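Contents: one structure, followed by commentary.
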Amino acid sequence: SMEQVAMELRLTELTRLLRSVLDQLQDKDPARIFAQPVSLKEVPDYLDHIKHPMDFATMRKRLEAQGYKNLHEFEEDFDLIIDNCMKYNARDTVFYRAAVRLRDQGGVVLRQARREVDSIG
């Protein structure tokens with residue numbers, strides 16, 4: 001149907017806007033702390049602690065399969081990156097501190113992304 005095509009074009013355009021958002025958020029992690037999944041070879045107990053692991057590479061895989069239907073779903077995954085780190089790592093660690101700084105800086109990007117998603121529809 002033409003309606004299905006129109007919906008697919010909206011998804012494609014959302015995916016374009018989320019790729020730009022994802023790039024901007026990942027620039028706020030210059031140490032690349034959140035770039036890849038936590039390795040279960042290197043942290044073998046991780047899944048006893050963290051039930052839903054997340055990282056920027058995993059988000060990018062979902063994104064490129066057009067797997068985020070709305071900004072809420074994308075934000076859920078971003079929040080998992082931050083929140084998982086703040087639980088696993090103590091306050092006095094470079095990891096925890098990196099997550100706080102990513103959260104704070106990312107808030108700005110996400111605030112305007114929300115306005116753009118609503119505005120363009």
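Ordering of the structure tokens sets the chain letters (A, B, ...); residue numbers start at 1 within each chain; ligands are numbered from 1 in the order shown.
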If you run DSSP on the backbone here, which positions in region 14-88 of chain A get alpha helix (DSSP H)? Please write them as JSON, numbers by chain. {"A": [14, 15, 16, 17, 18, 19, 20, 21, 22, 23, 24, 25, 26, 27, 46, 47, 48, 49, 56, 57, 58, 59, 60, 61, 62, 63, 64, 71, 72, 73, 74, 75, 76, 77, 78, 79, 80, 81, 82, 83, 84, 85, 86, 87, 88]}
A:41, A:10, A:115, A:49 ranked by distance to residue 89 (chain A), top pick (using only C-alpha atoms):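 Of A:41, A:10, A:115, A:49, the one nearest residue 89 (chain A), counting only C-alpha atoms, is A:49.
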Selection: 10 Å around residue 19 (chain A), only C-alpha atoms, excl. self and same-chain fewer than 6 positions, as a list in words: residues 13, 25, 59, 60, 63 and 64 of chain A
Write to file, as a PDB file, in the first residue's frame, the residues of the selection just made, with N, CA and C atoms.
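Generated output (part-v4.pdb):
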ATOM      1  N   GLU A  13      13.149   8.544   7.969  1.00  0.00           N
ATOM      2  CA  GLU A  13      13.554   9.893   8.367  1.00  0.00           C
ATOM      3  C   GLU A  13      13.876   9.958   9.902  1.00  0.00           C
ATOM      4  N   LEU A  25      25.757  12.224  20.810  1.00  0.00           N
ATOM      5  CA  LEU A  25      25.899  11.650  22.205  1.00  0.00           C
ATOM      6  C   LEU A  25      27.211  10.921  22.357  1.00  0.00           C
ATOM      7  N   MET A  59      23.506  -0.116  20.160  1.00  0.00           N
ATOM      8  CA  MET A  59      22.457   0.819  19.717  1.00  0.00           C
ATOM      9  C   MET A  59      22.551   1.076  18.201  1.00  0.00           C
ATOM     10  N   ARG A  60      23.768   1.237  17.725  1.00  0.00           N
ATOM     11  CA  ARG A  60      23.984   1.499  16.294  1.00  0.00           C
ATOM     12  C   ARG A  60      23.481   0.346  15.434  1.00  0.00           C
ATOM     13  N   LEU A  63      19.761   0.686  15.373  1.00  0.00           N
ATOM     14  CA  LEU A  63      19.431   1.848  14.597  1.00  0.00           C
ATOM     15  C   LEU A  63      19.479   1.535  13.106  1.00  0.00           C
ATOM     16  N   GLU A  64      20.568   0.924  12.667  1.00  0.00           N
ATOM     17  CA  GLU A  64      20.725   0.650  11.230  1.00  0.00           C
ATOM     18  C   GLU A  64      19.781  -0.410  10.679  1.00  0.00           C
TER      19      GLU A  64
END
What is the CA of residue 47 (chain A) to CA of residue 103 (chain A) distance in Å?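 One can read the CA of residue 47 (chain A) to CA of residue 103 (chain A) distance as 22.7 Å.
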As a PDB file with N, CA, C and O atoms, in the first residue's frame, please: the residues near residue 96 (chain A) (cut-off 10 Å, only C-alpha atoms, same-chain neighbours under 2 positions excluded).
ATOM      1  N   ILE A  82      23.903   4.530  30.788  1.00  0.00           N
ATOM      2  CA  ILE A  82      24.240   5.371  31.954  1.00  0.00           C
ATOM      3  C   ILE A  82      23.929   4.631  33.250  1.00  0.00           C
ATOM      4  O   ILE A  82      24.784   4.547  34.206  1.00  0.00           O
ATOM      5  N   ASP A  83      22.692   4.173  33.341  1.00  0.00           N
ATOM      6  CA  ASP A  83      22.211   3.593  34.575  1.00  0.00           C
ATOM      7  C   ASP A  83      22.930   2.312  34.960  1.00  0.00           C
ATOM      8  O   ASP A  83      23.181   2.093  36.179  1.00  0.00           O
ATOM      9  N   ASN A  84      23.253   1.459  34.009  1.00  0.00           N
ATOM     10  CA  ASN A  84      23.987   0.193  34.252  1.00  0.00           C
ATOM     11  C   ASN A  84      25.357   0.541  34.871  1.00  0.00           C
ATOM     12  O   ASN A  84      25.801  -0.021  35.853  1.00  0.00           O
ATOM     13  N   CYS A  85      26.014   1.555  34.274  1.00  0.00           N
ATOM     14  CA  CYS A  85      27.375   1.952  34.727  1.00  0.00           C
ATOM     15  C   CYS A  85      27.348   2.501  36.140  1.00  0.00           C
ATOM     16  O   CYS A  85      28.236   2.194  36.949  1.00  0.00           O
ATOM     17  N   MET A  86      26.326   3.322  36.452  1.00  0.00           N
ATOM     18  CA  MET A  86      26.214   3.934  37.759  1.00  0.00           C
ATOM     19  C   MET A  86      25.864   2.941  38.870  1.00  0.00           C
ATOM     20  O   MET A  86      26.068   3.255  40.064  1.00  0.00           O
ATOM     21  N   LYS A  87      25.335   1.777  38.488  1.00  0.00           N
ATOM     22  CA  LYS A  87      25.084   0.690  39.448  1.00  0.00           C
ATOM     23  C   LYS A  87      26.346  -0.178  39.653  1.00  0.00           C
ATOM     24  O   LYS A  87      26.770  -0.375  40.832  1.00  0.00           O
ATOM     25  N   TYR A  88      26.933  -0.648  38.565  1.00  0.00           N
ATOM     26  CA  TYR A  88      28.081  -1.551  38.617  1.00  0.00           C
ATOM     27  C   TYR A  88      29.309  -0.940  39.226  1.00  0.00           C
ATOM     28  O   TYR A  88      29.996  -1.556  40.072  1.00  0.00           O
ATOM     29  N   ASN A  89      29.542   0.351  38.898  1.00  0.00           N
ATOM     30  CA  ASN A  89      30.774   1.049  39.308  1.00  0.00           C
ATOM     31  C   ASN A  89      30.515   1.971  40.457  1.00  0.00           C
ATOM     32  O   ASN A  89      29.462   2.663  40.527  1.00  0.00           O
ATOM     33  N   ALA A  90      31.449   2.104  41.376  1.00  0.00           N
ATOM     34  CA  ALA A  90      31.323   3.032  42.489  1.00  0.00           C
ATOM     35  C   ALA A  90      31.473   4.475  42.116  1.00  0.00           C
ATOM     36  O   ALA A  90      32.066   4.834  41.072  1.00  0.00           O
ATOM     37  N   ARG A  91      30.928   5.361  42.941  1.00  0.00           N
ATOM     38  CA  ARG A  91      31.026   6.823  42.754  1.00  0.00           C
ATOM     39  C   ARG A  91      32.424   7.422  42.508  1.00  0.00           C
ATOM     40  O   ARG A  91      32.576   8.376  41.770  1.00  0.00           O
ATOM     41  N   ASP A  92      33.472   6.844  43.095  1.00  0.00           N
ATOM     42  CA  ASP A  92      34.819   7.327  42.998  1.00  0.00           C
ATOM     43  C   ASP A  92      35.605   6.778  41.768  1.00  0.00           C
ATOM     44  O   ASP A  92      36.860   6.815  41.743  1.00  0.00           O
ATOM     45  N   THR A  93      34.916   6.267  40.756  1.00  0.00           N
ATOM     46  CA  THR A  93      35.583   5.639  39.647  1.00  0.00           C
ATOM     47  C   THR A  93      35.508   6.506  38.411  1.00  0.00           C
ATOM     48  O   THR A  93      34.504   7.247  38.226  1.00  0.00           O
ATOM     49  N   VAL A  94      36.482   6.318  37.511  1.00  0.00           N
ATOM     50  CA  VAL A  94      36.428   7.038  36.247  1.00  0.00           C
ATOM     51  C   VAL A  94      35.198   6.597  35.417  1.00  0.00           C
ATOM     52  O   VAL A  94      34.609   7.392  34.702  1.00  0.00           O
ATOM     53  N   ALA A  98      32.354   9.185  34.243  1.00  0.00           N
ATOM     54  CA  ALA A  98      32.102   9.321  32.794  1.00  0.00           C
ATOM     55  C   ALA A  98      30.596   9.273  32.469  1.00  0.00           C
ATOM     56  O   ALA A  98      30.097   9.952  31.562  1.00  0.00           O
ATOM     57  N   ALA A  99      29.886   8.349  33.115  1.00  0.00           N
ATOM     58  CA  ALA A  99      28.451   8.229  32.943  1.00  0.00           C
ATOM     59  C   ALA A  99      27.722   9.506  33.380  1.00  0.00           C
ATOM     60  O   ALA A  99      26.785   9.951  32.690  1.00  0.00           O
ATOM     61  N   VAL A 100      28.115  10.136  34.512  1.00  0.00           N
ATOM     62  CA  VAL A 100      27.460  11.334  34.936  1.00  0.00           C
ATOM     63  C   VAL A 100      27.623  12.445  33.892  1.00  0.00           C
ATOM     64  O   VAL A 100      26.617  13.162  33.584  1.00  0.00           O
ATOM     65  N   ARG A 101      28.844  12.573  33.372  1.00  0.00           N
ATOM     66  CA  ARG A 101      29.152  13.594  32.419  1.00  0.00           C
ATOM     67  C   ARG A 101      28.398  13.383  31.076  1.00  0.00           C
ATOM     68  O   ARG A 101      27.834  14.346  30.504  1.00  0.00           O
ATOM     69  N   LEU A 102      28.314  12.127  30.667  1.00  0.00           N
ATOM     70  CA  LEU A 102      27.481  11.737  29.479  1.00  0.00           C
ATOM     71  C   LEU A 102      26.019  12.032  29.656  1.00  0.00           C
ATOM     72  O   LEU A 102      25.372  12.643  28.766  1.00  0.00           O
TER      73      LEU A 102
END
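Residue nearest residue 105 (chain A), chosen from A:2, A:28, A:11, A:16 and counting only C-alpha atoms: A:28.
Interatomic distance, CA of residue 37 (chain A) against CA of residue 55 (chain A): 5.4 Å.
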How far is it from CA of residue 73 (chain A) to CA of residue 43 (chain A), in Å with one decimal?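 Calculated distance between CA of residue 73 (chain A) and CA of residue 43 (chain A) is 27.1 Å.
The protein and nucleic acid residues lying at most 10 Å from residue 24 (chain A) are residues 18, 19, 20, 21, 27, 28, 29, 105, 106, 109 and 110 of chain A, with only C-alpha atoms considered and sequence neighbours fewer than 3 positions away removed.
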Export N, CA and C atoms of the chosen residues as a JSON list (two decimals), in the first residue's frame?
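The new file again_32.json reads:
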[["chain", "number", "residue", "atom", "x", "y", "z"],
["A", 18, "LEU", "N", 17.81, 10.15, 14.42],
["A", 18, "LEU", "CA", 18.47, 9.34, 15.51],
["A", 18, "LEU", "C", 19.95, 9.03, 15.25],
["A", 19, "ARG", "N", 20.36, 8.82, 13.99],
["A", 19, "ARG", "CA", 21.78, 8.64, 13.72],
["A", 19, "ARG", "C", 22.57, 9.90, 14.08],
["A", 20, "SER", "N", 22.03, 11.08, 13.76],
["A", 20, "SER", "CA", 22.68, 12.34, 14.09],
["A", 20, "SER", "C", 22.73, 12.52, 15.65],
["A", 21, "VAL", "N", 21.62, 12.18, 16.31],
["A", 21, "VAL", "CA", 21.58, 12.24, 17.77],
["A", 21, "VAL", "C", 22.67, 11.30, 18.35],
["A", 27, "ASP", "N", 29.97, 11.57, 20.89],
["A", 27, "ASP", "CA", 31.05, 12.57, 21.04],
["A", 27, "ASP", "C", 31.26, 13.04, 22.47],
["A", 28, "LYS", "N", 30.24, 12.91, 23.28],
["A", 28, "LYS", "CA", 30.33, 13.23, 24.68],
["A", 28, "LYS", "C", 31.00, 12.14, 25.55],
["A", 29, "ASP", "N", 31.55, 11.14, 24.88],
["A", 29, "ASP", "CA", 32.24, 9.98, 25.52],
["A", 29, "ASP", "C", 33.57, 9.85, 24.82],
["A", 105, "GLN", "N", 25.62, 16.05, 29.67],
["A", 105, "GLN", "CA", 25.81, 16.59, 28.35],
["A", 105, "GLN", "C", 24.80, 16.08, 27.34],
["A", 106, "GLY", "N", 24.43, 14.82, 27.43],
["A", 106, "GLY", "CA", 23.44, 14.23, 26.54],
["A", 106, "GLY", "C", 22.05, 14.83, 26.69],
["A", 109, "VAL", "N", 21.20, 17.54, 24.18],
["A", 109, "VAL", "CA", 21.03, 17.02, 22.83],
["A", 109, "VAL", "C", 19.63, 16.42, 22.70],
["A", 110, "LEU", "N", 19.27, 15.68, 23.74],
["A", 110, "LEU", "CA", 18.00, 14.97, 23.74],
["A", 110, "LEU", "C", 16.80, 15.93, 23.87]]
